[PDB]
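Undergrad: piece number one of the complex, untouched:
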Amino acid sequence: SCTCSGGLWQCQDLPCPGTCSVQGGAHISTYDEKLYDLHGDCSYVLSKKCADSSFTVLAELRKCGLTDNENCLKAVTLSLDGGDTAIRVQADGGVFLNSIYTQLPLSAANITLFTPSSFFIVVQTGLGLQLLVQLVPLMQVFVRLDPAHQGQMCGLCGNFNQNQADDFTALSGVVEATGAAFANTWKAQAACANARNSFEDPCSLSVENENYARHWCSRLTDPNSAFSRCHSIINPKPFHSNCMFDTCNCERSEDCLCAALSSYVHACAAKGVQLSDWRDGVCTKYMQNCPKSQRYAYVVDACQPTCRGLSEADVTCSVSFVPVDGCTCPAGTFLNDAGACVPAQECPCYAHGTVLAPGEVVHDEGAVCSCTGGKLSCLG
């Protein structure tokens, strides 16, 4: 916050949770905002409070094509309590709690897992870090840190100390030179192959890939585009480079293209701008592919409205996360335990875990109760 005084701007800082991210399966934006490319095939320690083993976010990046520089993120393995717990979010959406399938939501040991929409999974922990993982159109990861851990972390996302020249500090006490040379010090398994520096732009290969990627990714830097509202805040040049590189290199050009556009939108919305309606004539197959009875939404900024939640509250909705977009039930509707989207009148109040049907007067413990609009009331 900056006040206009003394002929200048008097600027103080509100505390800011740091934000790491891995987008396109290759690009990494650290806590110091040192964007760098990583074409590797191993499990890399994405972030770790390298004083202790309190938490350890791991990311498994896997080569996805003929070219050595064709990568996709494939998993996010939050190790915890020194490896005692491991929450592994795969790329299909499957969530493994201690290598066991666990549907969503789940709330235990202060850890809360839930899907704000069909595109994202939120792994909120009390240790300080929050993971927000994207599955649609492909796999991307975002990490938020309570600024208390400033200047303490290690790993790929850098030590979070407001210095871009120290981000490549390795465990040997020197700043590494380039991205891949730095990453190959943080591999999980000694048997992995070292990442290699990539100069050859895949954009130069196919002229049709060229024109496609150009004509679409140029929507970023267009001053009349929906994205212009964030131009005066976030410089879109790295995002445009990401979109170019992805779409040219991606076998599913639309998937990586829309992943890049979603990444730009989500970063800007993290900075506090609500970019909306940017999918004009583009990425609409992600409008349509929604699960039945759900619908798209551009500003999903809370939990998912559920019949159980409106009946008996929910731990889920007590987590603050950047407003992501995706598929959710529309307002005025709720999804029952069956998952289908019905209005409040069609979903039941739940007492002691008992399905108590809507608009139904019942007797319990010398009391008379009613289930009006999914809301439970008791008298006497």
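TA: Cool, the structure landed. Numbers count the residues shown, from 1 in each chain, chains lettered A, B, ... in the order given.
Undergrad: Break down the stretch 151-300 of chain A into its strands, ranges please.
TA: Ranges of strands in the stretch 151-300 of chain A, per DSSP state E, counting those that start in this stretch, are A:295-300.
Undergrad: what about residue A:378, which helix or strand?
TA: For residue A:378, the element it lies in under DSSP states H and E is strand A:375-379.
Undergrad: So for that strand, what gets flagged as buried?
TA: Residues of strand A:375-379 classed as buried by neighbour count (16 or more other Cβ atoms under 10 Å): residue A:376. Every C-beta, even on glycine, is put in place using the N, C-alpha and C of the backbone.
Undergrad: Using CSV, write out every CA atom in it.
TA: Below are the C-alpha coordinates for strand A:375-379, written out as CSV (Å, rounded to 0.1, in the frame of the first residue of the first chain):
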residue,chain,number,x,y,z
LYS,A,375,-32.4,-26.4,6.1
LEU,A,376,-32.9,-28.3,9.3
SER,A,377,-35.0,-26.7,12.1
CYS,A,378,-36.0,-28.2,15.5
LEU,A,379,-38.6,-27.1,18.0
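Undergrad: Given it, what are its sheet partners and their directions?
TA: Strand pairing for strand A:375-379, using DSSP bridges, gives strand A:367-372 (antiparallel).
Undergrad: can you give me how far the strand it pairs with is from the chain middle?
TA: Strand A:367-372 has its C-alpha centroid displaced from the chain centroid by 41 Å (Cα atoms, centre = their mean, to the nearest Å).
Undergrad: How about stretch A:205-213?
TA: Chain-centre distance of stretch A:205-213: 29 Å, with Cα atoms, centre = their mean.
Undergrad: now what about that stretch, what contacts it?
TA: Applying Cβ atoms under 8 Å, 6 or more residues apart in numbering, the external contacts of stretch A:205-213 come out as A:202, A:203, A:204, A:243, A:244, A:247, A:248, A:253, A:257.
Undergrad: can you rerun that using 7 Å?
TA: Stretch A:205-213 is contacted by residues A:203, A:244, A:247, A:248, A:253 when judged by Cβ atoms under 7 Å, 6 or more residues apart in numbering.
Undergrad: for stretch A:252-265, same thing?
TA: Under the contact criterion Cβ under 7 Å, 6+ apart, stretch A:252-265 has outside partners A:23-24, A:137-138, A:140, A:209, A:212-213, A:216-217, A:220, A:227, A:236, A:239, A:242-243, A:246-247, A:250, A:275, A:278, A:283, A:286.
Undergrad: got it, and stretch A:42-49?
TA: Residues contacting stretch A:42-49 (Cβ under 7 Å, 6+ apart): A:20, A:22, A:55-61, A:143, A:149, A:152-157, A:183, A:186-189, A:192.
Undergrad: Chain B should go on the structure too:
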Amino acid sequence: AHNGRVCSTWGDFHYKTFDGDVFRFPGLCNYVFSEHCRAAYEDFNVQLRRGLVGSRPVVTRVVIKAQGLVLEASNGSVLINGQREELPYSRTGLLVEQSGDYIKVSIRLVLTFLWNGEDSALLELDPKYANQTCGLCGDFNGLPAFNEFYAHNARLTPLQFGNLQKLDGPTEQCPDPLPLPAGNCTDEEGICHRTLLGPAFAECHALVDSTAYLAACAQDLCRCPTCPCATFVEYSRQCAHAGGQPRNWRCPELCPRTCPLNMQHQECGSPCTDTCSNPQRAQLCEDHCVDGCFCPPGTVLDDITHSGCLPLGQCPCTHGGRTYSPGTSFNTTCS
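TA: Below, chain B sits with the chains from the block before:
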């Protein structure tokens, strides 16, 4: 001559690499036919898309990218940097023509691309791109049998090799063609053995081995019996390119050719047709045999008014956009 700097695509998905390997890969989409891919900066990127005319395997589009110039040949038309052009189109270093029976794109010090427009397509590359290329045309290192089909130390097969060098469109997911079942037919009447081993290619046996060509001839014989001569023509091209002098194997039945009235179809005629615009062009030429239409020796071609081949003494002259018949004179104020 053009010993090992040639590759070609002919007939039923037959690919001949730089170092002499022949195989069959029945793809049906775009593939990186050749590309400068072992250098700091690419020089050429030639790709083909192979499709069907009813049943005949054909090339439906070629895209040659080179040094900032994009050339897309398809639908009997040529696109230069996105604009249609009328053949021939010539610029510093590049010249594209409807020469002979084909469309030829020559980029000086880079490449020579012949494309009959239906099936065949042949690349000549400079020697300087040795070992720095990769594609269906091979590695251009000179060793045929050891380095093409060994990816990550694993020896692989024509289907695998032709599928590795794949490239989809921006919004296209082309499948991979499945292996074709066993063969039949073979060379029963011996036509492939009668012709290929015949006198026409005697010294060609000393240069280019016909075993793969024999097999391809038999395989085409399994295909339509109006399309067996592609392998023969390709063998003639290869024999010419290695340096040898092929002989006229054609007969009024063996895929006969037709040429204009004064003009004859020859195998291995001089590529530089003497034309009384430059009636002694063929004097100190350096270019191997070329198949096509020609003129009988002694009478040069007439390119001034396109009257066929005329004797050296009866063909017109030209002055300032004016064409002068023989016997005509024009007097300037000084001469």
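Undergrad: quick recheck of the contacts of stretch A:252-265 now chain B is there?
TA: Stretch A:252-265 is contacted from outside by A:23-24, A:137-138, A:140, A:209, A:212-213, A:216-217, A:220, A:227, A:236, A:239, A:242-243, A:246-247, A:250, A:275, A:278, A:283, A:286, B:170-171, using Cβ atoms under 7 Å, 6 or more residues apart in numbering or on different chains.
Undergrad: Can you pull the residues of the stretch 101-250 of chain B lying near chain A?
TA: Within the stretch 101-250 of chain B, the residues that sit near chain A (Cβ under 7 Å from any Cβ of the partner chain) are B:164, B:167, B:168, B:169, B:170, B:171.
Undergrad: Contact residues of the stretch 51-200 of chain A facing chain B?
TA: Contact residues, the stretch 51-200 of chain A versus chain B (Cβ under 7 Å from any Cβ): residue A:66.
Undergrad: By proximity to chain B, which residue of the stretch 51-200 of chain A wins?
TA: Using Cβ to the nearest Cβ, the closest approach of the stretch 51-200 of chain A to chain B is made by residue A:66 at 6.4 Å.
Undergrad: next one: chain A
TA: Taking Cβ to the nearest Cβ, chain A has residue A:212 as its residue nearest chain B, at 3.7 Å.
Undergrad: Apart from its neighbours in sequence, what residue is nearest the residue of the stretch 51-200 of chain A closest to chain B?
TA: residue B:164 (6.4 Å; Cβ to Cβ, 6 or more residues apart in numbering or on different chains).
Undergrad: same question, residue B:160
TA: Nearest non-adjacent residue to residue B:160, counting by Cβ to Cβ, 6+ apart: residue B:149, 7.5 Å away.
Undergrad: Chain A versus the one you found, what's the distance?
TA: Applying Cβ to the nearest Cβ, to the nearest Å, the value for residue B:149 to chain A is 15 Å.
Undergrad: now residue B:183
TA: Distance from residue B:183 to chain A, counting by Cβ to the nearest Cβ: 30 Å.
Undergrad: That residue contacts residue B:221, correct?
TA: No: between residue B:183 and residue B:221 there is no contact under Cβ atoms under 7 Å: 9.9 Å.
Undergrad: Between these two, point out the one with more neighbours.
TA: Each of residue B:183 and residue B:221 has its neighbours counted (other Cβ atoms under 10 Å in any protein chain shown); residue B:221 has more, 21 against 11.
Undergrad: Quick check: phi and psi at that one.
TA: Dihedral angles of residue B:221 (phi, psi; degrees, to the nearest 10) stand at phi -60, psi -30.
Undergrad: Same question for residue B:204.
TA: Residue B:204 has phi and psi values of phi -60, psi -30 when expressed as degrees, to the nearest 10.
Undergrad: Report the contact partners of it.
TA: Contact partners of residue B:204, counting by Cβ under 7 Å, 6+ apart, are B:235, B:239, B:244, B:246.
Undergrad: so where do the helices sit in the stretch 51-200 of chain B?
TA: Listed in chain order, the helices of the stretch 51-200 of chain B (DSSP state H, counting those that start in this stretch) span residues B:144-147, B:158-164, B:191-196.
Undergrad: Also, this goes in as chain C:
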Amino acid sequence: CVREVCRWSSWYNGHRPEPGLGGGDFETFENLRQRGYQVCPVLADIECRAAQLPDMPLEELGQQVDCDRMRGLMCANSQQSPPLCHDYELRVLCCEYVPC
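TA: One more piece, chain C, placed on the ones above:
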């Protein structure tokens, strides 16, 4: 009168995916026609699955397979890690119109 009569087909496993980078399974309607498998010109919906794992669905696999009613099924080795595919197959739905 005329009423639509429709039914599923059987399972079609016309290929065994090949190890390597270019390998995989390419089960296409054109290949089905060429190999002699009956291909209905018109259809409503089709179902793909892994032939060797007949229980766990496609999305539980997590591998990159594209399987559509207009084309068929395709799994490419290079797109997965490890760079391999499973042995898939698929079935189609054929509907005709029979007089009542």
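Undergrad: The nearest residue to residue B:160 again please, chain C included this time.
TA: Spatially, and ignoring its direct neighbours in sequence, residue B:160 is nearest to residue C:22 (4.7 Å; Cβ to Cβ, 6+ apart).
Undergrad: same question but for residue A:17, I mixed them up
TA: Per Cβ to Cβ, 6+ apart, closest to residue A:17 is residue A:144, 4.8 Å.
Undergrad: Check residue A:127 too.
TA: Spatial nearest neighbour of residue A:127, chain neighbours left out: residue A:55 (5.1 Å); criterion: Cβ to Cβ, 6+ apart.
Undergrad: can I assume the one you found is in contact with residue A:129?
TA: Yes: using Cβ under 7 Å, residue A:55 is in contact with residue A:129, at 5.7 Å.
Undergrad: Show me what residue of the stretch 1-150 of chain A gets nearest to chain C.
TA: residue A:62 (3.5 Å).
Undergrad: could you say what helices and strands the helix or strand hosting that residue packs with?
TA: Residue A:62 belongs to strand A:55-63 when assigned by DSSP H and E. Here strand A:55-63 touches strand A:42-48, strand A:71-80, strand A:129-134, going by 3 or more Cβ pairs under 7 Å, 6 or more residues apart in numbering or on different chains; DSSP states H and E.
Undergrad: who in chain C is up against chain A?
TA: Residues of chain C lying near chain A (Cβ under 7 Å from any Cβ): C:21, C:59, C:62, C:78, C:79, C:81.
Undergrad: Please repeat the previous calculation with a cut-off of 8 Å.
TA: By Cβ under 8 Å from any Cβ of the partner chain, the residues of chain C that approach chain A are C:21, C:59, C:60, C:62, C:64, C:78, C:79, C:80, C:81, C:83.
Undergrad: longest helix of the chain?
TA: Chain wasn't specified; assuming chain A. When chain A is parsed with DSSP state H, its longest helix is helix A:253-271.
Undergrad: The chain in question should be chain C.
TA: Ordering each helix of chain C by length in residues (DSSP H) puts helix C:29-35 first.
Undergrad: Report the contact partners of residue 83.
TA: By default, I'm working from chain A. Counting by Cβ atoms under 8 Å, 6 or more residues apart in numbering or on different chains, residue A:83 makes contact with A:53, A:56.
Undergrad: you looked at the wrong chain, it should be chain C
TA: By Cβ under 8 Å, 6+ apart, the neighbours of residue C:83 are A:63, C:20, C:21, C:77.
Undergrad: List, one by one, the residues from the stretch 51-200 of chain B near chain C.
TA: Residues of the stretch 51-200 of chain B found near chain C (Cβ under 8 Å from any Cβ) are B:151-152, B:154, B:156, B:159-161, B:163-164, B:166, B:173, B:175-178.
Undergrad: any idea which of the residues you listed is closest to residue C:1?
TA: residue B:175 (41.3 Å; Cβ to Cβ).
Undergrad: Please consider this matter closed, and thank you.
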